[PDB]
Amino acid sequence: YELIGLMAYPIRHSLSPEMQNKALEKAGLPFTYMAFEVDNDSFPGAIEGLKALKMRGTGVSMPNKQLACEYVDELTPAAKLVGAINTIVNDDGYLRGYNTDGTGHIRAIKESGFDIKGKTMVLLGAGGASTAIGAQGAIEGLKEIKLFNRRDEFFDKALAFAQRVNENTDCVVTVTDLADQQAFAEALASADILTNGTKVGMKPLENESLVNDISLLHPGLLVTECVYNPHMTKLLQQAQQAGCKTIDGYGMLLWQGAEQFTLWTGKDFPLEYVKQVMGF
Ligand SMILES: NC(=O)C1=CN([C@@H]2O[C@H](COP(=O)(O)OP(=O)(O)OC[C@H]3O[C@@H](n4cnc5c(N)ncnc54)[C@H](O)[C@@H]3O)[C@@H](O)[C@H]2O)C=CC1
């Protein structure tokens, strides 16, 4: 019976413990998932314990996702471009880091029956979610990433990000300011998919979308949301509008968790049962 952890501060918020523990039980796997209060100062010590105690792995979240990069042996092509991970797997002393937010959101897409090979994505954000999604999307075959980020702390992260993807991928990424309501509207027109990776659409701001008009969207478009609180973001409302195919936050949240599960467990995630149980 091995231990799988969550290293973060705070942790009161996490849905991972209930989610993983429930998939683990309804499959009779010998693993337990426990959250632990861990910031940057205690993280090195915690990784030390993960090895000495022979834990199976641990989920990683704020504020250690970037720092955790320095404590693993093997990062993934995508992780390397993101510069952050949320999952560590201990393979008998050997530690491999991954970013399941990205694979999860992308997986959610391939699962709706949409191919991302050769498509153009219009990405909103450059934070943790956005860059993870962009990175994995580029590595699975995206032709273009029309990233739109404003003049805040993240713009420069966008460039370097755009920088890395270009330097090691076949994908072309362009960063463009989000107040340019036009080169954007036209960006949305060249796109097959629109992905919201911004906090916009979440409580308090459960009433604000990054797309002014509804006519800026089009019917054959796929719009994906990272926000799962609530279920129907303003952006998802404007989408169901234009007749767009939609994918919600619980999509990225469920598949992301399946990825960690299979990574630690080796078995398939009772995705179906967990969706029930968590009340989605
Ligand atoms: N369903 C799921 O599995 C997950 C959902 N998320 C959600 O995705 C969102 C992004 O979270 P993170 O990347 O972790 O946080 P973050 O703080 O790193 O990134 C937020 C991003 O939003 C942009 N942004 C924030 N306010 C903005 C505004 N007013 N206008 C334009 N851009 C703005 C910033 O440029 C930044 O890059 C959150 O709402 C989070 O709850 C995050 C992880 C998983």
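Residue numbers are given in the authors' numbering: position 214 of the sequence shown equals residue 220, and the series is strictly consecutive.
Note that beta-carbon positions come from the ideal geometry of N, C-alpha and C, so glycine has one too.
Cβ separation of residue i and residue j, assumed to be a contact under 8 angstroms, to the nearest whole Å
i, j, result
"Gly65", "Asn92", "6 angstroms"
"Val206", "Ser215", "7 angstroms"
"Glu231", "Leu223", "Contact doesn't hold; Cβ gap of about 13 angstroms is too wide."
"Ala52", "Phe42", "7 angstroms"
"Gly103", "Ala85", "6 angstroms"
"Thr175", "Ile145", "6 angstroms"
"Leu81", "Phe167", "No, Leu81 and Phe167 are not in contact; Cβ-Cβ is about 15 angstroms, not under 8 angstroms."
"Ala189", "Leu227", "Rounded, the Cβ-Cβ distance is 18 angstroms, inconsistent with contact."
Beta-carbon proximity check, residue i vs residue j, cutoff 7 angstroms
i, j, result
"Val233", "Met208", "yes"
"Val181", "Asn155", "yes"
"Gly257", "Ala135", "no"
"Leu200", "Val283", "no"
"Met61", "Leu9", "yes"
"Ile151", "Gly133", "no"
"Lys273", "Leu260", "no"
"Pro23", "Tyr7", "no"
"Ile220", "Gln246", "no"
"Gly63", "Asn96", "yes"
"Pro225", "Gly203", "no"
"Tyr15", "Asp47", "no"
"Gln142", "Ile94", "no"
For residue i: DSSP bridge partner residues
i, result
"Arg102", "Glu80 and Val95"
"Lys273", "Answer is none; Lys273 lacks a bridge partner."
"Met40", "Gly11"
"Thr64", "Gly11 and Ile94"
"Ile253", "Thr230"
"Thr126", "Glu150"
Cβ shell of residue i (< 6 angstroms), same chain only, five flanking positions each side left out
i, result
"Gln262", "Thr106, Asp107 and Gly110"
"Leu35", "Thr271"
"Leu194", "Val128 and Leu222"
"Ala58", "none"
"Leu184", "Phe154 and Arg156"
"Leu30", "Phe37"
"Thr137", "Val88 and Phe167"
"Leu165", "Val181"
"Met68", "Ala14"
Cβ-based neighbour list, residue i, same chain, cut-off 7 angstroms, excluding 5 preceding and 5 following
i, result
"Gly147", "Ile122, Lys123 and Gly124"
"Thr268", "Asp274 and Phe275"
"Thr252", "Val229, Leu242, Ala245 and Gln246"
"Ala264", "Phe275 and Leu277"
"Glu212", "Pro236"
"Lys240", "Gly207, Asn213, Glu214 and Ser215"
"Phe286", "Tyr256"
"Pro83", "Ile145"
Cβ-based neighbour list, residue i, same chain, cut-off 8 angstroms, excluding 5 preceding and 5 following
i, result
"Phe49", "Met13, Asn70, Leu73, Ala74 and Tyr77"
"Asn218", "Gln187"
"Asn235", "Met208, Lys209 and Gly255"
"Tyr279", "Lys28, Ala29 and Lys32"
### Task
Mind listing, in chain order, the continuous alpha helix (DSSP H) runs of no fewer than 4 residues lying wholly within the segment 173-230?
You should have 191-196.
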